[PDB]
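*Asks:* A single structure is presented below for examination.
Heads up, the Cβs are rebuilt from the backbone with ideal geometry, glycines too, and the neighbour counts pull from every protein chain shown. Rule-based calculations on the coordinates, nothing more; no lab input.
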Amino acid sequence: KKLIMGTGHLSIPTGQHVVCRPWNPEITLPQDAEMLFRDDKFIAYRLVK
Amino acid sequence: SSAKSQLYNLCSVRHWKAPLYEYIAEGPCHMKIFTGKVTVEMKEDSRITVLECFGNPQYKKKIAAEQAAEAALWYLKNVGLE
């Protein structure tokens, strides 16, 4: 869960399939969605297959 | 400077394919909202990760594509890129 950020970066889930939408608290992710990370303006995720 | 152009600059500077923009269109014919989708092919040490970014629905494709780009930038900054 929460994680204040300094000058770190995040890893790319190399070779998979990454998706980013605007995040809204009543969004619905698809079945295969695996949330990578989000602030309160966007969200990133990937698919299972 | 527009987010659409910043994403183009970032993409060449890293020797990446130029980003591709598509559009989902919803509604009856007298009110179409557009959702921007931008695809970036992230090449890191000779391997490829595909980045697909959407924005919110806008009434103008141009605003909708801008916001998609802006999402891609958000993600690329968060993984330490420019």
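*Asks:* Let me have the 222 nm mean residue ellipticity of the protein assembly as shown computed from DSSP H runs of 4+ only, each contributing -39500 (n - 2.57), with the sum over all residues rounded to the nearest 500.
*Replies:* Helices in the protein assembly as shown give a 222 nm mean residue ellipticity of -7000 deg cm²/dmol.
*Asks:* Once you sort the root eigenvalues of the Cα gyration tensor of the stretch A:2-49 as a ≥ b ≥ c, which label holds: rounded (a/c under 1.5), prolate (a/b larger than b/c) or oblate (the other case)?
*Replies:* oblate
*Asks:* Here is a follow-up. Can you grab the distance from the C-alpha centre of the stretch B:19-82 to the C-alpha centre of the stretch A:4-40, Å, no decimals?
*Replies:* After rounding, the separation between the Cα centres reads 14 Å.
*Asks:* Residue A:38 to residue A:14: FRET efficiency via 1/(1 + (r/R0)^6), r the Cβ-Cβ distance, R0 22 Å, to the nearest 0.05?
*Replies:* 0.65
*Asks:* Sticking with this one: Please list the radius of gyration and Dmax for chain B, considering alpha-carbon atoms only, with Å as the unit.
*Replies:* 13.5, 48
*Asks:* Once phi is turned into ³J(HN,Hα) by the Karplus curve 6.51 cos²θ - 1.76 cosθ + 1.60 with θ = phi - 60°, what whole-Hz value does each residue of the stretch B:22-39 show in order, with x for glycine and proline?
*Replies:* 10, 8, 8, 10, 10, x, x, 5, 7, 8, 9, 9, 10, 10, x, 10, 10, 10
*Asks:* If you don't mind, another one. Sorting check: for A:38-44, A:6-12, which peptide has the highest mean count of neighbouring beta carbons within 10 Å, and how do the rest follow?
*Replies:* Top of the packing list down: A:38-44, A:6-12.
*Asks:* Can you work out ³J(HN,Hα) from phi for every residue in the stretch A:8-17, in order, using Karplus 6.51 cos²θ - 1.76 cosθ + 1.60 and θ = phi - 60°, giving whole Hz and x for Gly and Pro?
*Replies:* x, 10, 10, 6, 8, x, 3, x, 9, 10
*Asks:* Would you kindly calculate the mean projected area, averaged across all directions, of the convex hull enclosing the Cα atoms of the protein assembly as shown, in square nanometres?
*Replies:* Averaged projected area of the protein assembly as shown's Cα convex hull equals 9.3 nm².
*Asks:* How many nm is it between the label spots at residue B:25 and residue A:2, if each spot is 7 Å from the Cα in line with the beta carbon?
*Replies:* Each label point lies 7 Å from its Cα, and together they span 4.5 nm.
*Asks:* Obtain the nm distance between the two label points defined at residue B:5 and residue B:82 by a simple spin-label model: each point lies 7 Å from its Cα along the Cα-to-C-beta direction.
*Replies:* Going by the 7 Å Cα→Cβ label model, 1.8 nm.
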